[PDB]
Structures are given as structure tokens and as C-alpha cells.
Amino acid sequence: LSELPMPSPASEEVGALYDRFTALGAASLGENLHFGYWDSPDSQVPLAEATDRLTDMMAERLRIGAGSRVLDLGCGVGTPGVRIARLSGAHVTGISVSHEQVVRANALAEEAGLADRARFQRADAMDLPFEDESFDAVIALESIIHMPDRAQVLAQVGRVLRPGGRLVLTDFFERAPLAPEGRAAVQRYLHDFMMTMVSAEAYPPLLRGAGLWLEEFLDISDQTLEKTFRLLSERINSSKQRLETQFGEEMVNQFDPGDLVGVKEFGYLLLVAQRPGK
């Protein structure tokens, strides 16, 4: 339960960060700023494809259709959100704290001919500028991790969620006590990208506080963490002489995940909760 100290991040500073590193940040991982998912560690499926997979299994738990209002916490550069709009015909209002993101994403929407179905705007998940009960579902795809007060953000979502709506999020967590051999690389990731791990036993009281019932906790670490890490550090270290223009000698080393393969009590989780009603 924070056996390692944690960065305690500030949402507007988070925006400063993505503003910095969604620029040659797309040229390293690509368009989906979240983990990939594979059926077993041996899979040969490109990361491109496997990240879309996680979008999809999180989208599916939203349980939406054409003409569903959906809230995209932490919209990224637009790709997972534009995807849900194009594929499901639901309407997606998405929020980010970085200006450079909210622009790239309106653009993705605009180039998909879906600017009326998928609008992206600047707002703070700690203060949601939306009438109560104006969303059928909320997807927070690798977003809650950067945020200052989980208990409040969840309380914000529980307010906008119509009765019966469902919240689908990812988060980082301690599967059990940290191997000390690796508290380093996690102390470095967690700090260098302004994040925070949580205890699996936190979410239940955490969601009830927000007015939501847990529905599904799922440890997806064995399908998510390593194989991405092996590939992103490999993508990066195949052109580390391209830091000669990217400030990578100062910033891609913070992004290089190779130090995180193997950290076995380091945990990634899928979660779904439901506000009662409907």
C-alpha cells in the first residue's frame, strides 16, 4: 500500500507533460497511448492491432449502441475514442488536460468524418463540466493513473453517469508486496510520468464512495505488461540515435520501459462498476 513513495500528481502538470511528449511521442508507440493485449505471451499479433484490442474489450463492457452518449476520460490523441464512435455509432465526448492532445483528437474525428459524433474538449476529470446524468457509460482508458484524487474523480463520474450506466477503467496496482529488486524501475516510471498505484482492496470502498458498485475486477497483468514493454523499449532502442533530434537523450530514457520487464508484483487491472438503476 505505497510501500514505495508516490508522485502525487497534479492534473494541469500532467497536461504540461503530454504537451511535451505527445510530439515524437506518437513516433515511438503510435496512436493508442495504452497497453496492448494478447491471448498468451507468445502471440505474434502486432502491437498496433493488440492495443486496439484493449480498446475493444473496454468498449464492450460499456454496453452501448448507436445513440449512446459516452464519456471518454483522458482522451489521448483521439484514437480509442474515435474508434468507439466509428464502430459503435455511439456519441463520444472526450476530455484531456493537454492542448496538443485535444487538437490531434478533434482532427482524428474530423478526418474520420465523425466530428459531429466524437467531440474532444479540455476539462479536468476532478471537475467535470457536464449536467448530472448525461452519460450512459464512461471509459477511462489508462487515465485514472495520472490523477490527483481517485475518490473524487470517481465521485465526479458517479454524478454524470445515468442510473444503470457503467464505468470501465484501467489502473496500476500492487498484486502483492513489491519485489525489492525492482522498486527502482517502478519508482522511476511512476515518478517520471506522474502516476500512482493503488491497492486492489481500495476500489470497493472507493467506488461505493462515488456511488457505484464494483462489478468486475480483472488482473490483466500477465497479458499486458511484459510483451508491450519488450517491444516499446525495442522500438525505442532501434533508433536511439534519433534522440539526436528528439531530446530523447533526456526524455526517451524516462520512456524506455525495458527496466520494467520482470517486475512481477507490478500490476495492471481492468475494472467495471455500475450505478444502480435503468
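The first residue of the shown sequence is 1; numbering continues from there.
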- prompt: Of the two stretches 122-130 and 189-197, which shows the higher Cα B-factor on average in the entry?
  reply: 189-197
- prompt: Looking at the deposited entry, does 64-72 or 241-249 carry the larger mean Cα B-factor?
  reply: 241-249
message: Looking at the C-alpha B-factor values in the deposited entry, which of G94, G113, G164, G182 comes out highest?
response: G182
field: Top residue by Cα temperature factor, when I220, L232, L54, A210 are compared in the entry
entry: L232
message: Splitting the chain's C-alpha B-factors into thirds, which one does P80 fall into?
response: lowest
- prompt: By its CA B factor, does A176 count among the lowest, middle or highest third of the modelled residues in the chain?
  reply: highest
task: Would you check the entry's CA temperature factor for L260 and let me know if it's in the chain's lowest, middle or highest third?
output: highest
task: Place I236 in the lowest, middle or highest third of its chain's C-alpha B-factors, as listed in the PDB entry.
output: highest
query: Among the chain's modelled residues, which third holds the C-alpha B-factor of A59?
result: lowest
